[PDB]
Structure formats: structure tokens, C-alpha cells
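Taken in sequence, the protein lines are chains A and F. So the first sequence is numbered by the deposited numbering: it starts at 1 and just counts up by one. So the second sequence is numbered by the deposited numbering: it starts at 1 and just counts up by one. What follows is a short report on a single structure.
2 protein chains.
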Amino acid sequence: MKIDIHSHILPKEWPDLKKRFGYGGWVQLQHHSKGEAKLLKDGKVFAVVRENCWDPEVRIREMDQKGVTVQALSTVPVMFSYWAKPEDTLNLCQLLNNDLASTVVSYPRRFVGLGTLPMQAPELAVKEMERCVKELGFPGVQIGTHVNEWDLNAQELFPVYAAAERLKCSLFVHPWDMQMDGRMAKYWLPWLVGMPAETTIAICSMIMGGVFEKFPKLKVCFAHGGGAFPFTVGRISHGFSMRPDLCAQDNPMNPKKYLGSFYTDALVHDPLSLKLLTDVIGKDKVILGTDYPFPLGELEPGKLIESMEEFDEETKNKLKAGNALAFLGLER
Amino acid sequence: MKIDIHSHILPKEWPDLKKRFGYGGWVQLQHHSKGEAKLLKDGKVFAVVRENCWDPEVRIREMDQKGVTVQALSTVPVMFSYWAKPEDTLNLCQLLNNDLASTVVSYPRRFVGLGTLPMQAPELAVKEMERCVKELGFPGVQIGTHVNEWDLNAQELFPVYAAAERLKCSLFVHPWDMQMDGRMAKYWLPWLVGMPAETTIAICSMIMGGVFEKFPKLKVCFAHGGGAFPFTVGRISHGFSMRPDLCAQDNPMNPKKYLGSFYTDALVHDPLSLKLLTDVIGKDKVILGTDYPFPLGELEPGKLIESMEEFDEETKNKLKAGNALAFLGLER
Ligand SMILES: [Zn+2]
Ligand SMILES: [Zn+2]
């Protein structure tokens with residue numbers, strides 16, 4: 001019900017990428033029947049999306065109706081494409097970022113853009129970041145919770161962080177590329193459980209990798225209330241204290257010292273979790289985020305926030321829009 | 001500082017297992033410096049152990065300083081050995097279970113036994129369970145969060161649950177067998193993050209698999225506060241509503257509705273976490289547990305509970321002792 005930091009969109013169409021690049025494993029969007037499109041990844045329909053996933057005029061009507069003022073638009077994490085050749089992911093990121101830039105310029109009072117990067121190639125990612133910031137005007141980018149066998153602690157990724165820091169370019173971290181098969185194939189576990197564990201790992205990798213210590217001005221927001229982190233910080237903090245040989249090897253400060261140093265969205269569904277999220281992360285560091293237009297997201301944006309009896313107005317306004325603005329470096 | 005539901009022990013010595021069974025991957029206790037030893041992978045040294053890990057007099061003295069009345073003894077989860085040939089695994093169980101019984105006989109007012117079981121072979125597991133309850137007098141058993149490739153929903157396991165429920169045998173589910181390599185090899189992650197993830201999966205697999213609905217007298221306690229579950233129940237439940245096709249094919253009730261139907265231990269380290277845990281799981285369904293003798297556990301049994309200015313003495317006593325007695329169907 002003011003700013004939604006967490007929302008995904010696709011271009012309506014893009015060229016056959018297998019043809020474009022020479023190898024398969026990409027996703028396309030097919031428009032078969034009305035107000036619906038199939039996402040495929042070699043072979044199968046991966047997911048069905050409705051027109052709010054591509055048509056910004058539809059997004060505006062839904063936003064008007066829900067009282068959402070601005071959505072920060074980012075691609076669908078399936079498009080990250082960190083597994084492809086570096087130049088080809090770059091080519092794709094340019095197409096998705098421009099398309100994103102084009103939607104934003106059409107409604108620059110209702111949308112901001114969070115771009116995508118070829119993270120598997122930190123020199124290309126820096127360049128594409130500069131362009132997103134300087135040429136495209138995006139306040140930030142969305143990145144995966146990991147990049148192939150790299151976690152957010154990886155040294156290779158360090159230039160990317162120094163660039164983001166320097167460019168005043170915010171990072172929205174989104175869990176992606178969990179295990180989808182084996183034990184994880186049933187009960188939508190990769191989404192229910194594997195996503196919040198991915199995020200929990202990412203936060204851990206960034207704290208214990210020293211990322212926040214190297215780059216104290218890096219602005220970073222994690223997805224879904226930081227996964228399990230706000231609840232298991234005790235275990236993480238105490239275990240860090242207990243086994244510095246395994247945990248304090250790169251950054252000697254206890255994880256608990258970085259509570260306050262990063263943001264999460266507020267997408268945790270119940271009041272008790274939200275209250276704990278703010279207690280643990282702080283009321284300046286939690287941002288309304290919705291996962292629009294996906295069904296695992298908040299159906300009525302901001303409704304969980306508005307219903308918290310304990311929060312005064314100032315707090316509610318922080319969580320709905322204020323914190324978003326600090327995290328993006330923009331003005332109301 | 002009355003009862004500890006989560007405490008692990010090993011016999012002081014056991015046969016060489018590479019011999020007795022005739023293939024590797026087992027675990028052995030090697031002592032070196034009088035009241036100090038090391039556990040071994042067959043491959044290499046994983047974990048340094050103190051005297052308290054095998055010596056019942058040593059445990060009692062510490063229980064006396066720390067104000068612990070009773071410990072529920074279970075084996076070290078690395079002993080589960082669900083990956084091995086069944087009959088072999090059974091052998092190891094009877095050996096570990098008789099040791100456990102033999103230690104309880106020495107201090108019947110200070111220890112109870114929680115058995116292990118050849119879970120990868122259901123009917124053999126069943127009979128060993130009847131033996132643990134009828135002949136050894138155990139009030140329950142400890143089993144892992146999954147069995148090789150079966151998660152706790154597997155129908156193969158339903159005979160074990162009916163049997164457990166028949167016999168009034170409580171189950172303590174412990175996370176084990178997380179991912180140990182790849183991305184998970186740094187920063188003590190399989191412990192700090194993989195374990196809570198394992199447990200969250202087990203809660204989901206039992207709720208969604210039909211286990212609590214098909215066996216309404218099964219008494220089940222989860223390790224470490226139930227992992228992420230008390231914090232992410234919101235996500236897991238909203239998701240279940242949004243995709244009953246993906247999540248409800250085996251049991252149709254919303255996971256939300258099984259809050260109350262199971263216990264967790266209180267081992268969450270932080271007070272905010274412990275308050276959340278009781279707000280979600282229930283004041284009657286949280287049991288003090290320490291993970292004694294391991295460094296990742298609570299060093300002062302029940303100090304966290306005692307520090308909760310918001311719990312009255314009735315509630316402090318539920319968490320310390322009254323919930324464990326109820327879970328195990330024992331009297332004072
Ligand atoms: Zn999302
Ligand atoms: Zn344990």
C-alpha cells in the first residue's frame with residue numbers, strides 16, 4: 001500500500017534465444033490463448049503467467065486498486081541465466097534492462113527499475129551495472145542468492161560490490177536456483193523451504209565473507225524477510241562464537257553486529273513473523289515487498305503491515321514506503 | 001535445569017565396524033589423552049570429543065553443577081547409518097540400544113533412553129522398537145529427518161508410525177545427513193543452516209504427508225526449535241492454500257492447523273526466538289533441550305528459559321520439565 005520493492009515482470013516477447021546464441025536451456029514466453037502465456041524451458045511449460053506479468057497497463061490498474069504507488073520492477077529470477085556463456089547472458093541482460101528501462105520511462109512516477117547482470121562474469125557485470133545506473137537511471141539491481149558454485153562471499157564477486165558501492169547502486173538479493181528434484185520434488189518445497197534457506201545462506205555468506213565490512217556503504221536487501229535468518233540468528237551467532245576456526249576465518253565480527261546493516265522485504269505472511277523481523281532487523285531496515293504477480297506473494301499489498309496493532313503510524317509509514325526510499329536513495 | 005530432552009551419548013568403546021560388517025564409512029571412537037578422544041569417518045577425524053560424551057559419572061557431576069535432574073540419552077546422529085545394509089544397521093542398533101539401557105539401569109532416576117532404529121528397513125525397525133519399549137523400557141526413540149531418499153511422508157514408514165503410536169512410543173526427530181560438500185563446505189553451514197532446513201522439511205513432510213492426521217496420538221518432537229518452521233509457517237501455509245495441486249495431494253488440511261499437534265525442543269539460543277517459538281508452537285509443546293555435550297548446544301541448561309521475565313513460574317516449569325514428562329508419558 002505505498003512502495004512494493006519486490007515485483008517481477010517480463011517483456012511481452014523476445015527472440016528465440018537458442019537461435020540467437022546457439023545452444024538451448026533458455027526460457028521463452030508463448031502467447032497461445034487470451035490473457036495468459038506459457039513459460040517454457042527446454043521441453044515443458046514451467047509456469048503459466050497472466051497479462052499482469054508483462055502488460056504494464058494492467059499492472060497500473062491492479063496498483064490503483066490495491067493502493068500501491070510504486071512497484072520496483074525486476075525480471076523473473078528464472079531469467080538470471082548465470083549458467084550461460086558470459087557474453088550471451090550480457091546480451092540478454094541488455095535486452096531485459098532496456099525493456100525494463102522502457103516500461104519505467106512510460107510511468108516514472110509508478111515504477112523504478114532493478115536491473116539484471118551477468119554475475120558469472122564480474123567485469124561484464126560491472127559494465128552493465130554502470131550502464132544501468134548512468135544510462136538507464138536504475139537505482140539498483142536484483143541478483144541471485146548464489147552464482148553457479150559461487151556464494152556471495154566469493155572474492156571474484158568483490159569488484160561487482162565495489163562498483164555497486166561506488167555507483168550508489170542498491171542490491172536486491174533474490175533466492176534462485178535451489179534444488180528442484182530428488183527429495184525436493186514434492187510439496188513445492190523448493191519455494192516453501194528451499195527459497196528461504198537460499199536466502200539464509202546468502203546472508204551468512206555475506207556476513208562471514210566480510211562483504212559488509214569491506215563495503216560499509218553497500219546497500220543490500222534480502223528477499224522474503226531474509227529467509228530463516230531472523231529466527232536462526234541465535235544459532236548462527238552462537239555457533240560463530242563457538243567455532244571461529246570454521247566461521248571467523250574471513251570476518252572476525254559476530255554476525256549479530258551486522259543486524260542493522262542490511263534490509264529485508266517484509267514478505268513473511270504472519271504478524272508474529274513480521275514483529276520478529278522488525279525486532280531483529282530493525283524498523284528502518286524492513287521494506288514492503290509483495291512478489292507480485294506471483295501467487296506465493298501478498299495478495300493484498302501492505303495489509304499485514306496495516307493490521308499490526310502495536311506499530312504506530314510512523315513505523316507503518318517506514319515499512320510501506322519510507323524504508324524503500326532510503327534503500328533506493330530516492331525522494332517522495 | 002530439570003529435564004534435558006536433547007543429549008547425545010556413545011558407548012565408551014565398540015567393535016571395529018569395517019571388519020564386523022565388511023565395508024567402510026562407519027564411525028569409531030579413538031581415545032588418546034585420558035578423558036579425551038576423537039571420532040573418525042573411516043576416512044578422517046570429524047569431531048573432537050570429551051569424557052562427558054561416554055562416561056556416565058562424568059555426565060552426572062556436570063548435571064549436578066548445572067542443576068539438571070534428567071537427561072534423555074540418544075546416540076550421536078552420525079550413528080544412524082540408514083545408508084548401510086539393513087541387518088547390519090539393526091545389529092548396530094541393538095548394540096547402541098543395550099548400551100543405552102545399561103546406562104539407564106545405572107542411574108534410573110537420572111537418565112531415560114531414546115533408541116535408534118534401522119529406519120531404512122521398516123519392519124525390522126518396527127520390531128526393534130517393540131524391543132526398545134517392551135524389553136528395555138524406553139519411552140521413545142530418536143530418528144533422523146529423512147531416511148536415505150524417503151522423507152518422513154513416505155508410505156514405507158507408516159508401519160513404523162502405527163507401531164510407534166500403538167506402543168505409546170515418542171519420537172524425537174533429529175536433523176542429519178545435510179549436504180556436507182560443495183557450497184555447503186564453508187562457514188559451518190550444514191550445522192548452522194542445513195540442520196534447521198532439514199527439520200523444516202521434516203515438519204512439512206509429516207504435515208503434508210498425512211502423518212499427524214492418520215496417527216492423532218503420535219508424539220513427535222523436532223530438534224532445534226523446529227528449524228525455520230516457527231518463523232516460515234506463514235509462507236508454508238499461504239503456499240499450501242495457493243497451490244493445493246502441488247501441496248495437498250496426500251493430506252488436505254492447512255499446515256496452520258497442526259500447530260499444537262507436535263513438540264519442538266527449546267534450543268534456539270535467543271530470547272526473541274524463544275518467545276516466537278512458544279507463541280507459535282505453544283507453551284505446552286516446547287521442551288528444554290541442550291544438545292549436550294556439543295559446543296553448538298546451550299552451555300547453561302535452561303539459562304535462556306530462566307531469563308524470560310515474561311514467562312511466569314508455571315510456564316518456566318513447563319519448558320524445563322513438565323513438557324518433557326508429557327511428551328514421554330512419564331510421571332515424577
Ligand atoms: Zn520474487
Ligand atoms: Zn543433537
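Heads up, the beta-carbon is just placed ideally off N, CA and C, and yes, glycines get one too.
Any heavy atom of ligand 2 inside 7 Å of the beta-carbon of residue i?
| i | result |
| --- | --- |
| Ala197 of chain F | no |
| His238 of chain A | no |
| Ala248 of chain F | no |
| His174 of chain F | yes |
| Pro77 of chain F | yes |
| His146 of chain F | no |
| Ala223 of chain F | yes |
| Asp177 of chain F | no |
Taking the alpha-carbon positions, what's the residue i to residue j distance?
| i | j | result |
| --- | --- | --- |
| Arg235 of chain A | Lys34 of chain A | 50 Å |
| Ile3 of chain A | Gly24 of chain F | 58 Å |
| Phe229 of chain A | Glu135 of chain F | 43 Å |
| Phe172 of chain F | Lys257 of chain F | 21 Å |
| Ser273 of chain F | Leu276 of chain A | 8 Å |
| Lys38 of chain F | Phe294 of chain F | 13 Å |
| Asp245 of chain A | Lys186 of chain F | 11 Å |
| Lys316 of chain A | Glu306 of chain A | 7 Å |
| residue 333 of chain F | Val220 of chain A | Beyond the ends of chain F as shown, which are 1 and 332, falls residue 333 of chain F; an answer cannot be given. |
| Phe212 of chain A | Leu189 of chain A | 30 Å |
| residue 371 of chain F | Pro56 of chain F | Outside the displayed range of chain F (1 to 332) lies residue 371 of chain F, so it cannot be described from this structure. |
| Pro196 of chain F | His224 of chain F | 7 Å |
| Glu300 of chain A | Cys169 of chain F | 44 Å |
| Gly322 of chain A | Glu313 of chain A | 12 Å |
| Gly282 of chain F | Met253 of chain F | 19 Å |
| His146 of chain A | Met206 of chain A | 11 Å |
| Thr75 of chain A | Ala154 of chain A | 24 Å |
| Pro86 of chain F | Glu123 of chain F | 10 Å |
| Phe240 of chain A | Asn251 of chain A | 10 Å |
| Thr103 of chain A | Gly140 of chain A | 16 Å |
| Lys66 of chain A | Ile203 of chain A | 31 Å |
| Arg59 of chain F | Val49 of chain F | 13 Å |
| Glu309 of chain A | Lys303 of chain A | 12 Å |
| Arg332 of chain A | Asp64 of chain A | 18 Å |
| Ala248 of chain F | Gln249 of chain A | 44 Å |
| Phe158 of chain F | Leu167 of chain F | 14 Å |
| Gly182 of chain A | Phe311 of chain A | 43 Å |
| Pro255 of chain F | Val268 of chain A | 16 Å |
CB-CB under 6 Å to residue i, same chain, minus the five flanking residues each way: which ones, in chain order?
| i | result |
| --- | --- |
| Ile5 of chain A | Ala72, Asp265, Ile287, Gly289, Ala324 |
| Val70 of chain A | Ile3, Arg110 |
| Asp99 of chain A | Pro11 |
| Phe138 of chain A | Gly113, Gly115, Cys132 |
Identify, in the order they occur along the chain, each residue of the same chain with its Cβ nearer than 7 Å to the Cβ of residue i, setting aside the five sequence neighbours on each side.
| i | result |
| --- | --- |
| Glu165 of chain A | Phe215, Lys217, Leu218 |
| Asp88 of chain F | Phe21 |
| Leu40 of chain A | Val27, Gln28, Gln30, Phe46 |
| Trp191 of chain A | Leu296 |
| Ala125 of chain A | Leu117, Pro118, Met119, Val160 |
| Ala101 of chain A | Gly113, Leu136 |
| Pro77 of chain F | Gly144, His174, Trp176 |
| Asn52 of chain F | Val58, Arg59, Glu62, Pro293 |
| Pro271 of chain F | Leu304, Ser307, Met308 |
Identify, in the order they occur along the chain, each residue of the same chain with its Cβ nearer than 8 Å to the Cβ of residue i, setting aside the five sequence neighbours on each side.
| i | result |
| --- | --- |
| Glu128 of chain F | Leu90, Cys93, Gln94, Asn97, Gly115, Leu117, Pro118 |
| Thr200 of chain A | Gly226, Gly227, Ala228, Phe229, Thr232 |
| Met79 of chain A | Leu10, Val27, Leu92, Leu96, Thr116 |
| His32 of chain A | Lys38 |
| residue 338 of chain A | No answer is possible for residue 338 of chain A: the residues shown for chain A start at 1 and end at 332. |
| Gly209 of chain A | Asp151, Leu152, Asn153, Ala154, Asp250, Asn251 |
| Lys320 of chain F | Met1, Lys2, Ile3, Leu288, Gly302, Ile305 |
Regarding residue i and ligand 1, is the C-beta to nearest heavy atom distance less than 7 Å?
| i | result |
| --- | --- |
| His6 of chain A | yes |
| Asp291 of chain A | yes |
Contact between the region 140 to 151 of chain A and the region 115 to 125 of chain A (3+ Cβ pairs under 8 Å): yes
Residues within the region 139 to 159 of chain F neighbouring chain A, beta-carbon criterion of under 9 Å: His146, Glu149, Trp150, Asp151, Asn153
The region 256 to 289 of chain F: positions lying closer than 7 Å to chain A by Cβ: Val268, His269, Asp270, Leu272, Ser273, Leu276, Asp279, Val280
Contact residues within the region 300 to 322 of chain F, judged by C-beta distance below 8 Å to chain A: none
Contacting positions in the region 186 to 204 of chain A - beta carbon closer than 9 Å to chain F: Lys186, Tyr187, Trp188, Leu189, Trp191, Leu192, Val193, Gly194, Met195, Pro196, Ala197, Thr200, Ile201, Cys204
Within 7 Å of chain A by C-beta, residues of the region 1 to 35 of chain F in sequence order: Per Cβ criterion, the list is empty.
Cβ-based contacts, 7 Å cut-off: residues of the region 234 to 246 of chain F near chain A: Here the close residues are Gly234, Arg235, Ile236, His238, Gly239, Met242, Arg243, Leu246.
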